[PDB]
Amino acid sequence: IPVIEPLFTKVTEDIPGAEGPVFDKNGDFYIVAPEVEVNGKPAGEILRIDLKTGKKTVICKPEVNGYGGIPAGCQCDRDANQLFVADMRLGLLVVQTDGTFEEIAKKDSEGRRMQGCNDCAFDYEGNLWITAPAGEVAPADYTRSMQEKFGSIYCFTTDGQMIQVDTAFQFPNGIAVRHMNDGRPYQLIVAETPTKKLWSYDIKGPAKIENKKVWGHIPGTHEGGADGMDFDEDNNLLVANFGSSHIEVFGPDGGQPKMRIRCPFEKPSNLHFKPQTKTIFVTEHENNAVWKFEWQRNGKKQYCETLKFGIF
């Protein structure tokens, strides 16, 4: 498999478990530090990064009734400049730029307790597809599906329903939605980290997924596997292969990667394109840092980049 070696430039450092890279509607850059701890207890943070200086600013340190969060993945909303954050302890949160947040759900549409979330992806219809590799949210004792298959998938809809769309995953992780050229969502990709698999479903509608299939195979027998992911403008899927020193590039049809991107570190965690550019910001857990490198083309527009009132 051809491997390219682009130049990685340092963005910022010392962010415990640097994850969920995201750009808001103003182009501000955010990162989550899920692994920050205070006396052995979770105390995860959401930070704003000044891209010019590398200076970090913690805007939110989520806690619900004393239970600190483990914010791990982000998506920026379209109709309002707010971040939807997958939290390993708190579930789904919505964080404002002023640093205030709200817990979206303690239970799903079926009255079942909410599970801790890791990453999420907004489709062009505004529905949020979330991976929930953790067990029940706080106050429940923290558990994660790295060994046992109790990881679930959710779809937080436009009409506010938190629907569990699938279950029994061994650590569902990165997630992305594939759209038709006209903008219609039709395929969901779910990373199952330890099994070195990328799963796909046909999106038949809001919170409606069918035909579960092993879509792609992640290289290596190392500990880790597919973590964060994102599509480029040509619908190639870039996946951070945690523990492999690479980011895998899958073609529109999946299967085996058609190219690999060597990172000057072994643990790429997540990635995100800077709107309107070929720049990919990459988080990694070896040095707990953020880097950026130039990909071959622009990234696929995120939900926050689309227009509610666009004519075209």
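All residue numbers refer to positions in the sequence shown, first residue = 1.
Averaged over CA atoms, B-factors in the entry run higher in 217-225 than in the other of 186-194 and 217-225. The mean C-alpha temperature factor is higher for 142-150 when 142-150 and 81-89 are set side by side.
Between the residues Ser109, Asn236, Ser200, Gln115, the entry's highest C-alpha temperature factor is the one at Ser109.
Out of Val64, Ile31, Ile280, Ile59, it is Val64 whose C-alpha atom has the highest B-factor in the PDB entry. In this PDB entry, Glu284 carries a Cα temperature factor that places it within the middle third of its chain's modelled residues.
Per the deposited record, the Cα B-factor of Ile46 falls in the lowest third when ranked against the other modelled residues of its chain.
The PDB entry assigns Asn270 a C-alpha temperature factor belonging to the lowest third of its chain's modelled residues. Placement of the Cα temperature factor of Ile175 within the chain: lowest third of the modelled residues, per the deposited record. When the modelled residues of the chain are ordered by C-alpha B-factor, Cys263 sits in the middle third.
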